[PDB]
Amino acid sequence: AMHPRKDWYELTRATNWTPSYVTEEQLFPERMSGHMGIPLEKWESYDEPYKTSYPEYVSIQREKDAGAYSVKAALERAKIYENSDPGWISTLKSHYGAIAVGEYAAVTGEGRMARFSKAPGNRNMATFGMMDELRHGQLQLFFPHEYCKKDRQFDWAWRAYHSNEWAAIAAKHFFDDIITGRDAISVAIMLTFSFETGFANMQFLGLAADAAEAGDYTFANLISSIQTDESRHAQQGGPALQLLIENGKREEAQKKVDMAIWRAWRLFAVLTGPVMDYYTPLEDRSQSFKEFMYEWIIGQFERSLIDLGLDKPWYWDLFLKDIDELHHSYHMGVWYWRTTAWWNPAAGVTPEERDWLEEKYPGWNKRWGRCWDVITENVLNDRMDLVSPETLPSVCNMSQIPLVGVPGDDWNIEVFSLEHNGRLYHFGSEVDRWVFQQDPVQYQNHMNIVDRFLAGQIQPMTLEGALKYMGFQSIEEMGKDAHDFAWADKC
């Protein structure tokens, strides 16, 4: 006979002991561990609500992969690449490039916890977390790899994190800040409550709904399978947070989650927002970006934080206004500077799309519409030098994304600057400046790519010089309009 998990599970996590030949603080140094001075004994009540154990883990994960790979192999001649809208292809390119090697880095987040968490159940769940992120990294390299032979932009699935391309720097700044660059308990509450139970649902389940409408089941099936792992290992956050709160640290836990969520928001506004509202073809848009935000981030994720004992973030009203506005300008920034991207942005402003935009975002045409009017008239009149830029966008010193605002009839734009130790920093929001100020030492000597341009590190100091610096190896690699401007004809 077999004895049921509940009768032996406690012994799997009875692994704390009182060290003697080194001190507890040497064994669990606060810079790596983030225990905030809370003694071992207290950590022993950590109780992961989503359990697994080694025999079940390998069996079940074996079956998850059998399915992911068999669906891929069976659809490998469905013509997706060949019949898909090029805006859908671009969505694949930017997803894989922005995510795959970031997953592999997430292994180091889980490894940080596996070694340096004082909670024994966190250390074991983080060990499955390591395995999960390895899975996610290997899947998201394997799946785009067969498209290498079709298109050098698919090389960026592997290359992006190895480059200084500006969106990749925005990706690595966020992931190095929240995942690989902080102590174990910081990872436990910032990664699990910003990305894993938060913005990951947008990029891996929201986008899956669009993928399924577009008929790309290989992709939809892959990223929803990925997210089943995350729903398990993200449950390492709640008990860590509960211990922080019971031990008097609620204020510092609140601060960390507040910061991580804002940082995640700004990055996924640039990745996901343009995909959902512009690149995904109009017939395949399951919901607007903002509807998806209200479903996943406000309705589900933020509601869950409140249930666990946190307050709405202090920037709640700024955030809600940002959901209405920011990604429309990030999209415009990415598209106008498309040559700096490793994907081909779709403009997404045919009259039909603009009606949808107007409906999803009342007032859109008197704002971003004013800019697209001018852009569109230049394409129609063959003035193509005016749809390519000749300078660099100014860039946020926190998020590494261009500084943007509301264009058109009620123009409003604002940069939040800061002198600090002999240097002038610019930030794209009050919140981003505030993040910087919560932990200056984490950020203060970092140089964004425009800082680098102005300090002589990009040679030559031209746009083409910047493009080489960002890692592009050939003309085909740099982004272009997804439909080669054929949308103009419908305007």
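Position 1 is the first residue in the sequence shown; the rest follow in order.
- For the segment pair 5-13 and 470-478, the entry gives 470-478 the higher mean B-factor, averaged over Cα atoms.
- Averaged over their C-alpha atoms, the temperature factors of 62-70 and 454-462 are higher for 454-462.
- Of the candidates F416, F143, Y81, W314, the deposited coordinates give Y81 the top C-alpha B factor.
- Note on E133, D410, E196, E165: the highest value goes to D410, judged by CA B factor as recorded.
- Per the PDB record, residue ranking by Cα B-factor puts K51 in the lowest third of the chain.
- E390: CA B factor in the highest third of modelled residues in this chain (values from the PDB entry).
- In this PDB entry, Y330 carries a Cα temperature factor that places it within the middle third of its chain's modelled residues.
- Annotation for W43: CA B-factor lies in the highest third of the chain's modelled residues.
- When the modelled residues of the chain are ordered by C-alpha B-factor, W88 sits in the middle third.
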